[PDB]
Amino acid sequence: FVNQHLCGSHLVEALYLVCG
Amino acid sequence: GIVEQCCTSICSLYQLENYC
Amino acid sequence: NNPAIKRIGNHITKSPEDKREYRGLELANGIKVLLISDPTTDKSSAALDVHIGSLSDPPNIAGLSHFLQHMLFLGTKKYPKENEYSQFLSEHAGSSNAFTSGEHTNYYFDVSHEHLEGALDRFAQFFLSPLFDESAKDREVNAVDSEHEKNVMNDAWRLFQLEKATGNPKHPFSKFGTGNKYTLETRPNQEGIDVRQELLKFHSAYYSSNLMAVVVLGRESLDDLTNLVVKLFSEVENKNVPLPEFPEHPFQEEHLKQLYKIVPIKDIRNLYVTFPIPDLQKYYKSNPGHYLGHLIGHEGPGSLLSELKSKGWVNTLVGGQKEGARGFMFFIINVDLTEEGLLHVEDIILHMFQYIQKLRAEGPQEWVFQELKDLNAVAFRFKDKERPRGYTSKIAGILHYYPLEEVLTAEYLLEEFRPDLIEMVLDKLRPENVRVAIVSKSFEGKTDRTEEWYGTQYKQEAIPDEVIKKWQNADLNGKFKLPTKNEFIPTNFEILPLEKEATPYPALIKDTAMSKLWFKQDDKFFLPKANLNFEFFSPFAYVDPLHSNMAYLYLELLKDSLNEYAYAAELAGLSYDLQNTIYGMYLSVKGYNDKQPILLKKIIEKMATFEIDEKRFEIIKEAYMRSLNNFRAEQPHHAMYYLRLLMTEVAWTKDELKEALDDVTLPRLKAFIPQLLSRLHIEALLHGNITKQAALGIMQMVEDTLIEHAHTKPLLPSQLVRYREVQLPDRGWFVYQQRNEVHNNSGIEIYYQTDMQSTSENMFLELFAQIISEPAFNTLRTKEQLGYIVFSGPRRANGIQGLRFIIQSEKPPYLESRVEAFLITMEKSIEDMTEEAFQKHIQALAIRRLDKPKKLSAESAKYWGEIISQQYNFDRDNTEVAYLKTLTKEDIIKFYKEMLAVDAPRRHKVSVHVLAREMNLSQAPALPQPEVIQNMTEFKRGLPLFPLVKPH
Ligand SMILES: [Zn+2]
């Protein structure tokens, strides 16, 4: 597991990818 | 507009699943 | 005295609500330790955080510490079985994960509380004597290659790495932390590196005790935990590794005043403004960058975003401090851009500078600081109790930063007012050290650089001096006012006494044509908080693609319009969630109960008397077209999306919704809202620090507001349809195949449909999932290494269920036959396990299912699933667990043989294959000719639908 800084609309988008 | 915890720092996979 | 311990710290400051008990200490070898005693906890947990990460990777083996971190899970001198660790956890209701950031490597697990020591002992060996087995290393290198693969085509990861590619290339900051097969195998082989030695060397150099913090949470007393930690961790060797520092910012003179134009993958439009700043961590008692983030990121009247939004240039903004590493930090302000906005980057930045000038002009403001301090004091007083695993993982990292006595409060309690620091940081948000990045498809073709690790296309320019000047001369703009006193700040915290008629589950306390009210006074957490949840049912939210679009747009337009007023509530810990569902709408309002009726009222009232701004409508409409398109770029495991459409009675495709979207006109929307609002049913869960009278009252206010302003009338019992699931034929297998146009991996979902949900059907499927759960991971990933993402488990929908498998892979859906292979491995394995191994799995599922919720909303969520699924089985956990203990191996073998085996008389299999952009080993059984689904509607038409489950 790496991962990076989740900012604004990158947290909304990135966090959809974790949750089906 | 305020940077979130996952933006300001680099979060675990656990902190991310936490809002699902 | 004790030789093993360098000290015990003093009393560790905790909220007075926290009944957990705490002892910090530092061992003789230098590990900082927090001990947490919770005699009531169901799972215990530990974590260890090593203050080393990818910034310390050898320049010539990018990814070595991420890779090390994978390798520690795969065997040590004391527990050499490759998967001993993940297997021990799995049989004892735990799990485990780990992450590597630039300066940290963080490892955590949880487990049944009876088995802390067993788990903990296995875990300590990661830090003492990992094997880094030759053959493990060869396999696991594929998993890391796959992690990276996955990220290649994602806009955030490409931006994240591009930022590092454009600072000082000498600076550790520009390292590539993930690693891949190339950097971790191919090239090291080309260069005669023995990676097993390189791992042994790096572990040996950096896994020093002096750089570690450990946290351990369990039922044992503080004394027992102390002994336990001393015993497993004293032996970790101390090599006095100096802690790495980066006093030099990766962005120097020539990196400032740069403009980057970047081509994204998805059709997005964003602007990133960034200023380099010093490390502010040390100023945590005052926190200047938080103060400024709060101001520049504000969303109320008067704010930076209010104006950018009013000019139709931006829709959302985020600002404040972003960590770099020990030595350097960043201050960001980033916005999404409308199309108009994209042509006004220059003016938007000038507004940013005008807003920053207004702060210089008004000076620091203690009243703002006092608000930040009270809000955090209160957040602290009444923090929700955390799940052990996240909590240990978190304290572990911050033990590196705060005195023992402060680790719990350090990030909440502010102390000190610092007009000086606020002013110092403010003096860096200046055009002479700004960085600007614009992400837009309009730069397609126009660019000339390519970032090496991800392939990102971009162009780089000096910002023209004349532009820097114009920004340097930004004067006050009277559209910008600091915010005013925040009226939503709560002040009433009284916990109402527990009622004489209060009940342990939600009670149906209202059952009318218009609404069905479920209610529970909190009898467990005693914090001043509540959750208020509502389903609104209207057959019109989803009658067709166009209605669906409209429901969606309406609700976005609403939230957009409430935003300015709702923001203050949100800073004050009162928030809300509002979206359209295939049934109508969902509204949740959560936080401190004190001012909650105010917010609920304003929402429903706005909902019912909404007037749409034409300009706003046009903007949001365009963002949503893009949003539908961009689906095309979501990850191949999309396989889930297509199964969800194939299996549900009614579901509109992203394509259908997109088509229907051009017909959505303003006139058409205005017409829809009153239509939608005119007949509803409401099912609510109100749960928390409230009385029955308050709950009835809140429910009725929602009702009355709707009646008054929207003339709502009840829906008929029959129009309260639930949707059904497709009923697969005994013995059949269908494949539905598609292509991911963006990513170069496959995905697959394989669903084995079993039967309706019920006590016995549920528990058969769950025990089975529990027995195959780590084996599937262990075989399909760790041994066969088919992809990073490898998942298996129960699938539940529409009241039906089955077993599914999801993999994202570079091998083609091939994947099938390996799952089938695996599936046989499992029957034989179930035959061969001892009774006792069988019963441990029962026990493990039992602990999992009975794990008590640690906080209000975790308890709400269980109840809400019982309600929204209309099973209303609030005591399902005891019932299902009682039945579970009953089951035997024969039951599970029969079950498997009946519904799951490749030749089973009731096998019902569907597979979604998503092909890639381009497109030892056990023995896979021979498979049937699948039937290729040609057309989703047809496939539904030609099959039965299941009944719906009966209520409880
Ligand atoms: Zn990883």
# chains A, B, ... in the order shown; residues from 1 in each chain; ligands from 1
$ interface_residues --of "chain A" --to "chain B" --cutoff "6 Å" --atoms "only C-alpha atoms" --output "ChimeraX atom specification"
/A:4-7
$ residues_near_ligand --ligand "ligand 1" --cutoff "7 Å" --atoms "only C-alpha atoms and all ligand atoms" --output "number ranges by chain"
A: 1-2; C: 66, 70, 99, 144, 147
$ residues_around --residues "segment 576-592 of chain C" --least-positions-apart "5" --cutoff "8 Å" --atoms "only C-alpha atoms" --output "PDB file with N, CA and C atoms, in the first residue's frame"
ATOM      1  N   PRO C 490     -21.834  24.791  18.842  1.00  0.00           N
ATOM      2  CA  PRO C 490     -22.802  24.253  19.828  1.00  0.00           C
ATOM      3  C   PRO C 490     -22.510  24.650  21.271  1.00  0.00           C
ATOM      4  N   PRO C 528     -23.161  14.051  23.254  1.00  0.00           N
ATOM      5  CA  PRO C 528     -24.309  14.903  22.828  1.00  0.00           C
ATOM      6  C   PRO C 528     -24.483  14.935  21.307  1.00  0.00           C
ATOM      7  N   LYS C 529     -24.807  13.795  20.712  1.00  0.00           N
ATOM      8  CA  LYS C 529     -24.817  13.725  19.234  1.00  0.00           C
ATOM      9  C   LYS C 529     -25.993  12.986  18.767  1.00  0.00           C
ATOM     10  N   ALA C 530     -26.385  13.161  17.508  1.00  0.00           N
ATOM     11  CA  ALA C 530     -27.502  12.298  17.058  1.00  0.00           C
ATOM     12  C   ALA C 530     -27.375  12.042  15.583  1.00  0.00           C
ATOM     13  N   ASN C 531     -27.992  10.971  15.103  1.00  0.00           N
ATOM     14  CA  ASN C 531     -28.151  10.744  13.677  1.00  0.00           C
ATOM     15  C   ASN C 531     -29.610  10.700  13.289  1.00  0.00           C
ATOM     16  N   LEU C 532     -29.976  11.441  12.230  1.00  0.00           N
ATOM     17  CA  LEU C 532     -31.339  11.535  11.679  1.00  0.00           C
ATOM     18  C   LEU C 532     -31.264  11.164  10.251  1.00  0.00           C
ATOM     19  N   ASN C 533     -31.784   9.992   9.925  1.00  0.00           N
ATOM     20  CA  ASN C 533     -31.787   9.468   8.565  1.00  0.00           C
ATOM     21  C   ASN C 533     -33.179   9.353   7.925  1.00  0.00           C
ATOM     22  N   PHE C 534     -33.320   9.720   6.645  1.00  0.00           N
ATOM     23  CA  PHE C 534     -34.643   9.607   5.981  1.00  0.00           C
ATOM     24  C   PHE C 534     -34.529   9.032   4.633  1.00  0.00           C
ATOM     25  N   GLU C 535     -35.288   7.977   4.314  1.00  0.00           N
ATOM     26  CA  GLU C 535     -35.588   7.719   2.892  1.00  0.00           C
ATOM     27  C   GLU C 535     -36.865   8.419   2.493  1.00  0.00           C
ATOM     28  N   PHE C 536     -36.799   9.201   1.436  1.00  0.00           N
ATOM     29  CA  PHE C 536     -37.996   9.647   0.726  1.00  0.00           C
ATOM     30  C   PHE C 536     -38.273   8.752  -0.511  1.00  0.00           C
ATOM     31  N   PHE C 537     -39.388   8.038  -0.579  1.00  0.00           N
ATOM     32  CA  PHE C 537     -39.707   7.257  -1.785  1.00  0.00           C
ATOM     33  C   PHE C 537     -40.572   8.061  -2.763  1.00  0.00           C
ATOM     34  N   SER C 538     -40.136   8.252  -4.018  1.00  0.00           N
ATOM     35  CA  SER C 538     -41.009   8.659  -5.093  1.00  0.00           C
ATOM     36  C   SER C 538     -40.737   7.829  -6.295  1.00  0.00           C
ATOM     37  N   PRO C 539     -41.785   7.301  -6.897  1.00  0.00           N
ATOM     38  CA  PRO C 539     -41.596   6.447  -8.118  1.00  0.00           C
ATOM     39  C   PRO C 539     -40.952   7.306  -9.239  1.00  0.00           C
ATOM     40  N   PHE C 540     -41.224   8.601  -9.261  1.00  0.00           N
ATOM     41  CA  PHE C 540     -40.544   9.453 -10.191  1.00  0.00           C
ATOM     42  C   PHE C 540     -39.074   9.710 -10.119  1.00  0.00           C
ATOM     43  N   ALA C 541     -38.309   9.246  -9.134  1.00  0.00           N
ATOM     44  CA  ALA C 541     -36.871   9.580  -9.109  1.00  0.00           C
ATOM     45  C   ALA C 541     -36.143   8.729 -10.136  1.00  0.00           C
ATOM     46  N   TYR C 542     -36.813   7.697 -10.607  1.00  0.00           N
ATOM     47  CA  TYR C 542     -36.099   6.734 -11.381  1.00  0.00           C
ATOM     48  C   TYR C 542     -37.015   6.151 -12.441  1.00  0.00           C
ATOM     49  N   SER C 548     -34.183  10.343 -13.617  1.00  0.00           N
ATOM     50  CA  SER C 548     -33.020  10.078 -12.914  1.00  0.00           C
ATOM     51  C   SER C 548     -32.018  11.242 -13.062  1.00  0.00           C
ATOM     52  N   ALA C 551     -33.425  14.178 -10.868  1.00  0.00           N
ATOM     53  CA  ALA C 551     -33.369  13.970  -9.433  1.00  0.00           C
ATOM     54  C   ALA C 551     -31.924  14.338  -9.009  1.00  0.00           C
ATOM     55  N   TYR C 552     -31.004  13.754  -9.746  1.00  0.00           N
ATOM     56  CA  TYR C 552     -29.645  14.020  -9.525  1.00  0.00           C
ATOM     57  C   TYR C 552     -29.423  15.490  -9.644  1.00  0.00           C
ATOM     58  N   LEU C 555     -30.858  17.701  -6.741  1.00  0.00           N
ATOM     59  CA  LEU C 555     -30.208  17.591  -5.496  1.00  0.00           C
ATOM     60  C   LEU C 555     -28.790  18.257  -5.571  1.00  0.00           C
ATOM     61  N   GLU C 556     -28.077  18.194  -6.694  1.00  0.00           N
ATOM     62  CA  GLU C 556     -26.811  18.882  -6.706  1.00  0.00           C
ATOM     63  C   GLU C 556     -27.013  20.361  -6.570  1.00  0.00           C
ATOM     64  N   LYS C 559     -27.771  21.423  -2.939  1.00  0.00           N
ATOM     65  CA  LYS C 559     -26.533  21.443  -2.173  1.00  0.00           C
ATOM     66  C   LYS C 559     -25.660  22.581  -2.616  1.00  0.00           C
ATOM     67  N   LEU C 600     -31.846  20.825   9.694  1.00  0.00           N
ATOM     68  CA  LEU C 600     -32.883  19.964   9.096  1.00  0.00           C
ATOM     69  C   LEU C 600     -33.971  20.817   8.506  1.00  0.00           C
TER      70      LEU C 600
END
$ closest_residue --among "C:634, C:198, C:544, C:594" --to "chain A" --atoms "only C-alpha atoms"
C:634
$ select_by_dssp --residues "segment 613-755 of chain C" --states "helix (DSSP H, G or I)" --output "ChimeraX atom specification"
/C:614-633,639-647,654-663,666-678,692-710,717-719
$ atom_distance --atom1 "atom CA of residue 930 of chain C" --atom2 "atom CA of residue 945 of chain C"
21.0 Å
$ closest_residue --among "C:783, C:290, C:309, C:446" --to "residue 322 of chain C" --atoms "only C-alpha atoms"
C:290
$ atom_distance --atom1 "atom CA of residue 811 of chain C" --atom2 "atom CA of residue 143 of chain C"
13.2 Å
$ interface_residues --of "chain C" --to "chain A" --cutoff "7 Å" --atoms "only C-alpha atoms" --output "list in words"
residues 98, 99, 100, 101, 156, 178 and 318 of chain C
$ write_last_selection --atoms "C-alpha atoms" --output "JSON list (two decimals), in the first residue's frame"
[["chain", "number", "residue", "atom", "x", "y", "z"],
["C", 98, "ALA", "CA", 0.75, -1.74, 6.33],
["C", 99, "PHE", "CA", 1.63, 1.37, 4.37],
["C", 100, "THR", "CA", 4.91, 3.11, 3.30],
["C", 101, "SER", "CA", 5.03, 6.93, 2.98],
["C", 156, "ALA", "CA", -4.06, 11.98, -8.68],
["C", 178, "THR", "CA", 6.03, 2.79, -5.29],
["C", 318, "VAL", "CA", -9.47, 23.62, -1.01]]
$ residues_around --residues "residue 27 of chain C" --least-positions-apart "2" --cutoff "10 Å" --atoms "only C-alpha atoms" --output "VMD selection string"
chain C and resid 2 to 8 25 29 to 33 209 to 210 229 to 230 233 to 234
$ interface_residues --of "chain C" --to "chain B" --cutoff "7 Å" --atoms "only C-alpha atoms" --output "ChimeraX atom specification"
/C:99,101,293-294,297-299,316-323,390
$ write_last_selection --atoms "N, CA, C and O atoms" --output "PDB file, in the first residue's frame"
ATOM      1  N   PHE C  99       1.398   0.441   5.465  1.00  0.00           N
ATOM      2  CA  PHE C  99       1.634   1.368   4.368  1.00  0.00           C
ATOM      3  C   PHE C  99       2.984   2.030   4.467  1.00  0.00           C
ATOM      4  O   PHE C  99       3.528   2.129   5.584  1.00  0.00           O
ATOM      5  N   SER C 101       5.053   5.540   3.515  1.00  0.00           N
ATOM      6  CA  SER C 101       5.032   6.927   2.981  1.00  0.00           C
ATOM      7  C   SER C 101       6.517   7.413   2.898  1.00  0.00           C
ATOM      8  O   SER C 101       7.412   6.617   3.197  1.00  0.00           O
ATOM      9  N   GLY C 293      -5.524  28.151   6.674  1.00  0.00           N
ATOM     10  CA  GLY C 293      -6.278  27.232   5.806  1.00  0.00           C
ATOM     11  C   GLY C 293      -7.750  27.518   6.037  1.00  0.00           C
ATOM     12  O   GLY C 293      -8.553  27.573   5.099  1.00  0.00           O
ATOM     13  N   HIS C 294      -8.084  27.733   7.309  1.00  0.00           N
ATOM     14  CA  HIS C 294      -9.445  27.962   7.693  1.00  0.00           C
ATOM     15  C   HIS C 294      -9.954  29.207   7.049  1.00  0.00           C
ATOM     16  O   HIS C 294     -11.058  29.212   6.612  1.00  0.00           O
ATOM     17  N   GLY C 297      -9.606  28.865   2.955  1.00  0.00           N
ATOM     18  CA  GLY C 297     -10.436  27.796   2.440  1.00  0.00           C
ATOM     19  C   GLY C 297     -11.880  28.023   2.838  1.00  0.00           C
ATOM     20  O   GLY C 297     -12.729  27.162   2.581  1.00  0.00           O
ATOM     21  N   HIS C 298     -12.182  29.143   3.491  1.00  0.00           N
ATOM     22  CA  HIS C 298     -13.542  29.349   3.977  1.00  0.00           C
ATOM     23  C   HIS C 298     -14.500  29.310   2.798  1.00  0.00           C
ATOM     24  O   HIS C 298     -14.121  29.548   1.645  1.00  0.00           O
ATOM     25  N   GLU C 299     -15.752  28.981   3.068  1.00  0.00           N
ATOM     26  CA  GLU C 299     -16.782  28.933   2.020  1.00  0.00           C
ATOM     27  C   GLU C 299     -17.976  29.789   2.372  1.00  0.00           C
ATOM     28  O   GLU C 299     -18.920  29.780   1.658  1.00  0.00           O
ATOM     29  N   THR C 316     -15.444  24.572  -6.575  1.00  0.00           N
ATOM     30  CA  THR C 316     -15.016  24.110  -5.275  1.00  0.00           C
ATOM     31  C   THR C 316     -13.603  24.553  -5.152  1.00  0.00           C
ATOM     32  O   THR C 316     -12.918  24.742  -6.201  1.00  0.00           O
ATOM     33  N   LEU C 317     -13.143  24.689  -3.899  1.00  0.00           N
ATOM     34  CA  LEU C 317     -11.804  25.216  -3.550  1.00  0.00           C
ATOM     35  C   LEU C 317     -11.260  24.433  -2.343  1.00  0.00           C
ATOM     36  O   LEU C 317     -11.995  24.065  -1.442  1.00  0.00           O
ATOM     37  N   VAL C 318      -9.978  24.211  -2.234  1.00  0.00           N
ATOM     38  CA  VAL C 318      -9.473  23.621  -1.008  1.00  0.00           C
ATOM     39  C   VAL C 318      -8.168  24.404  -0.698  1.00  0.00           C
ATOM     40  O   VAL C 318      -7.429  24.718  -1.613  1.00  0.00           O
ATOM     41  N   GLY C 319      -7.898  24.802   0.549  1.00  0.00           N
ATOM     42  CA  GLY C 319      -6.660  25.562   0.851  1.00  0.00           C
ATOM     43  C   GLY C 319      -6.079  25.171   2.207  1.00  0.00           C
ATOM     44  O   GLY C 319      -6.793  24.704   3.080  1.00  0.00           O
ATOM     45  N   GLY C 320      -4.766  25.318   2.374  1.00  0.00           N
ATOM     46  CA  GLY C 320      -4.180  25.146   3.671  1.00  0.00           C
ATOM     47  C   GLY C 320      -2.907  24.383   3.484  1.00  0.00           C
ATOM     48  O   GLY C 320      -2.361  24.306   2.352  1.00  0.00           O
ATOM     49  N   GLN C 321      -2.421  23.840   4.605  1.00  0.00           N
ATOM     50  CA  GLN C 321      -1.084  23.299   4.623  1.00  0.00           C
ATOM     51  C   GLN C 321      -1.050  21.872   4.180  1.00  0.00           C
ATOM     52  O   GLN C 321      -1.971  21.183   4.489  1.00  0.00           O
ATOM     53  N   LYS C 322      -0.004  21.467   3.455  1.00  0.00           N
ATOM     54  CA  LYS C 322       0.223  20.120   2.960  1.00  0.00           C
ATOM     55  C   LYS C 322       1.653  19.753   3.383  1.00  0.00           C
ATOM     56  O   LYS C 322       2.591  20.549   3.248  1.00  0.00           O
ATOM     57  N   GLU C 323       1.815  18.575   3.958  1.00  0.00           N
ATOM     58  CA  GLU C 323       3.112  18.120   4.466  1.00  0.00           C
ATOM     59  C   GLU C 323       4.018  17.796   3.299  1.00  0.00           C
ATOM     60  O   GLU C 323       3.540  17.460   2.232  1.00  0.00           O
ATOM     61  N   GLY C 390      -7.415   1.227  13.553  1.00  0.00           N
ATOM     62  CA  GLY C 390      -7.058   2.580  13.091  1.00  0.00           C
ATOM     63  C   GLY C 390      -6.371   3.416  14.166  1.00  0.00           C
ATOM     64  O   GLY C 390      -5.458   4.207  13.900  1.00  0.00           O
TER      65      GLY C 390
END
$ residues_around --residues "residue 346 of chain C" --least-positions-apart "2" --cutoff "12 Å" --atoms "only C-alpha atoms" --output "MDAnalysis selection string"
chainID C and resid 259 271 273 313 340:344 348:353 431 436:438 463:464 466:468 470:471
$ atom_distance --atom1 "atom CA of residue 153 of chain C" --atom2 "atom CA of residue 793 of chain C"
27.4 Å
